[PDB]
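Number of protein chains: 4
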Amino acid sequence: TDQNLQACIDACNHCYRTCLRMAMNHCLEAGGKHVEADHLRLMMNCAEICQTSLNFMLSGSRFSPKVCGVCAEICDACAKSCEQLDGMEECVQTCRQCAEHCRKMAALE
Amino acid sequence: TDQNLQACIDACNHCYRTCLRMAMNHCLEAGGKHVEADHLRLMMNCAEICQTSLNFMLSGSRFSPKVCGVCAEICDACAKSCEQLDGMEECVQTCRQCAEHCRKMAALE
Amino acid sequence: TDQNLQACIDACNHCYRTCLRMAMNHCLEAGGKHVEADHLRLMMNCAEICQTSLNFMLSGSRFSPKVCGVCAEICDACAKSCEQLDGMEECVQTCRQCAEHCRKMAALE
Amino acid sequence: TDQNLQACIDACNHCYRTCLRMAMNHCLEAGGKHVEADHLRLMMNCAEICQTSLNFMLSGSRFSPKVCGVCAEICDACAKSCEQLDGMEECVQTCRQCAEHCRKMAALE
């Protein structure tokens with residue numbers, strides 16, 4: 007548990023940083039499909055939910071599993087959205103990893 | 007939808023403000039059971055999740071229903087925790103209302 | 007103080023909701039200049055700082071004045087950015103009001 | 007700049023995680039002076055401001071210097087508050103480091 011918890015914390019933290027950074031930088035400066043309504047919203051949503059999951063686990067919440075389950079779903083969708091664009095390889099990777107760790111946390115409940 | 011969406015937004019916003027305010031003020035200044043580990047964490051968790059739900063709906067996320075479902079669960083638990091303490095009547099009320107609106111949003115998915 | 011504090015809280019809360027909503031909806035769906043790098047970042051930054059100011063005041067922080075001073079600066083810049091675009095009248099208005107209340111809070115320190 | 011920016015980002019991220027974790031865990035489970043109104047508020051305020059600074063820099067905001075200046079002030083105060091309690095050595099350390107990097111960012115403006 008000590009290991010899994012810390013592994014999901016770092017994953018959510020990494021994915022949150024990556025989604026926010028790329029959306030507010032790479033995507034905004036590339037325009038076109040990178041700034042399409044559904045994609046950008048998802049990008050920000052993903053950063054938001056990951057940050058929430060991170061905070062719940064940092065605070066020792068007993069509701070982390072539930073929050074993580076939702077986070078995994080949003081991460082998977084964000085990863086698929088990023089598959090369409092280029093230079094977004096780093097985002098696809100982090101969103102898949104985070105989703106996997108979050109699913110493991112959700113399976114605890 | 008226009009009405010329900012706005013109703014749940016105001017409910018989450020109100021409950022988020024109330025939970026944060028009371029936890030960081032009333033509860034901290036009362037000590038005793040008001041600052042018990044499980045209660046305070048829940049209080050902050052509830053404020054966090056409500057703020058997340060609020061942000062998802064404000065941003066027009068298609069994942070609001072899912073997030074709201076989790077928010078309703080945390081709100082119900084926070085409401086029960088506040089039933090134990092005194093001067094917490096306002097928190098019980100707002101947590102119940104928010105949970106109800108969030109359940110309505112979750113039922114959309 | 008009781009009045010001023012509550013007035014700045016509602017102003018920050020209103021401006022935060024407005025900036026997030028319009029950026030993630032109106033601006034993203036309008037494209038063009040509405041999604042220009044500097045403008046959108048500012049929009050999100052403004053929503054972020056207002057949310058932080060709101061949280062500091064809700065929590066009874068003694069550092070609210072300082073945070074509010076920074077919030078006023080960002081709100082003024084966001085208001086000017088929105089003056090360029092159309093349909094953004096509501097954002098200009100809320101950013102100016104919030105900036106004024108925040109300046110009043112900052113003047114307390 | 008590339009180095010300094012990344013150094014302050016990791017510092018704020020580390021300090022934010024540490025303040026939230028310790029406040030919601032160690033301090034809440036220790037009670038006594040660890041849960042004193044002013045100390046806990048500061049702890050949460052510090053986590054909040056650091057998270058805001060982190061987000062501003064991640065998003066490439068031109069207002070990071072200003073936000074960081076405020077963050078450094080709150081970090082210094084939180085570090086002094088933690089000097090009073092025991093087992094809080096890790097928090098004192100991270101709050102001092104973050105404050106130093108934030109001061110460097112603020113000096114850019």
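Protein chains in written order, with the entry's author numbering: chain C, 7 to 115; chain D, 7 to 115; chain A, 7 to 115; chain S, 7 to 115. Every residue, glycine too, gets a C-beta built ideally from N, C-alpha and C.
The beta strand (DSSP E) runs of length 3 or more contained entirely in the stretch 17-46 of chain S do not exist; there are none. Listed by position along chain D, the residues whose Cβ is nearer than 8 Å to that of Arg-47 (chain S) are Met-30, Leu-34.
Contact between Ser-65 (chain C) and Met-50 (chain D) holds, since their C-beta atoms are separated by about 6 Å, short of 8 Å. Below 8 Å, enough C-beta pairs join the stretch 103-114 of chain S and the stretch 14-28 of chain S to call them touching: three or more.
Using a CB distance below 8 Å, the part of the stretch 77-90 of chain A facing chain S consists of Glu-79, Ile-80, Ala-83, ordered along the chain. In this structure, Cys-84 (chain D) keeps its C-beta atom at 7 Å or more from the C-beta atom of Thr-24 (chain D). Below the 8 Å Cβ cutoff, chain D contributes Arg-23, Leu-26, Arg-27, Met-30 as neighbours of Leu-64 (chain A), in chain order. Runs of the beta strand (DSSP E) spanning 3 or more residues and lying entirely within the stretch 50-98 of chain S do not occur at all.
Around the Cβ of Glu-54 (chain A), a 10 Å sphere holds 16 or more other Cβ atoms; the residue is buried.
Proximity to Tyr-22 (chain C) across C:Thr-58, C:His-32, C:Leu-11, C:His-45 peaks at C:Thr-58, based on C-alpha coordinates. In the structure shown, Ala-113 (chain S) adopts coil according to DSSP, grouped into three states.
At a cut-off of 7 Å between beta-carbon atoms, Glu-42 (chain S) makes no contact with chain A. Around the beta carbon of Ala-113 (chain A), fewer than 16 other beta carbons lie within 10 angstroms, which makes this residue exposed. Per DSSP, reduced to three states, the secondary structure at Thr-7 (chain A) is coil, with no helix or strand assignment. Under the 7 Å criterion on CB atoms, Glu-106 (chain S) is classed as non-interfacial with respect to chain A. Identification of chain S residues near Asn-61 (chain C) by a Cβ-Cβ cut-off of 8 Å yields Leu-26, ordered along the chain. The C-beta of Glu-54 (chain S) comes closer than 7 Å to at least one C-beta of chain A. Short of 6 Å from the beta carbon of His-40 (chain C), and not among the five residues preceding or following it, lie these beta carbons of its own chain, in chain order: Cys-33, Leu-91.
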